[PDB]
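Peer 1: After the structure tokens below, expect a handful of questions from me.
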Amino acid sequence: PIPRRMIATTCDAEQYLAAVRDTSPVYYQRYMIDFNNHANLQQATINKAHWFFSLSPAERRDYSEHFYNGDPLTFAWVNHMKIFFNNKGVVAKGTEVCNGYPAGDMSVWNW
Ligand SMILES: [Cl-]
Numbered sequence: 007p008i009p010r011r012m013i014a015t016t017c018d019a020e021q022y023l024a025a026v027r028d029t030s031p032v033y034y035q036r037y038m039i040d041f042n043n044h045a046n047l048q049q050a051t052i053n054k055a056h057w058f059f060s061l062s063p064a065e066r067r068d069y070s071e072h073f074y075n076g077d078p079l080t081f082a083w084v085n086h087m088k089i090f091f092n093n094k095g096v097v098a099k100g101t102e103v104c105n106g107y108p109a110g111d112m113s114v115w116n117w
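Residue numbering for the sequence shown follows mature numbering (1 follows the signal peptide of the UniProt record, and there is no 0), starting at 7 and increasing by one per position.
Below you can see the structure in the form of structure tokens.
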């Protein structure tokens with residue numbers, strides 16, 4: 007469910023997103039289109055992503071289950087974490103380089 011590299015990454019959400027923006031631009035733009043079509047859920051999505059990136063490798067491994075079983079966000083916008091979790095190619099290229107991007111750069115959420 008959650009790729010092994012996302013379990014392991016020491017990057018934060020904005021470093022990862024900026025890395026995807028650069029290394030898989032089509033996936034980033036499609037995610038942002040989807041994000042901006044769910045405006046009511048944007049902050050929730052951001053808080054979730056922050057929360058996930060605060061967990062340890064082992065804890066994120068533990069989360070894999072609870073993620074699967076869904077939360078409000080998962081039934082309201084299935085693809086809310088799609089950029090983070092769904093394609094192992096995108097995830098590999100993002101997690102390769104994201105440590106070179108600026109932590110906390112919230113403009114990556116703002117398309
Ligand atoms: Cl919405």
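No residue lacks a Cβ here, since even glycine has one placed at the ideal position from N, Cα and C.
1) Does ligand 1 have even one heavy atom less than 6 Å from the beta-carbon of residue 118?
2) Cα separation between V114 and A14?
3) Which residue spans inside the stretch 7 to 70 form an unbroken alpha helix (DSSP H) run of at least 4?
4) What is the residue span of the alpha helix (DSSP H) that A82 lies within?
5) Following a CB-centred definition, is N46 positioned closer than 6 Å to any heavy atom of ligand 1?
6) When DSSP labels each residue in this structure, what does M112 get in the three-state scheme?
7) Determine, using beta carbons only, whether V26 and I89 come nearer to each other than 7 Å.
8) Name the residue from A98, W83 and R66 whose alpha carbon lies nearest to the alpha carbon of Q49.
9) Can you check which of these residues, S62, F41 and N105, is closest to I52 by C-alpha distance?
10) I'd like the list of long-range same chain contacts for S70, defined as Cβ closer than 7 Å, with 5 residues on each side in sequence excluded.
Peer 2: By the coordinates alone:
1) Look at the range of the chain in this structure, 7 to 117, and you will see that residue 118 is not part of it.
2) 22 Å
3) 10 to 14, 19 to 29, 31 to 42 and 48 to 60
4) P78 to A82
5) yes
6) helix
7) yes
8) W83
9) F41
10) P7 and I8
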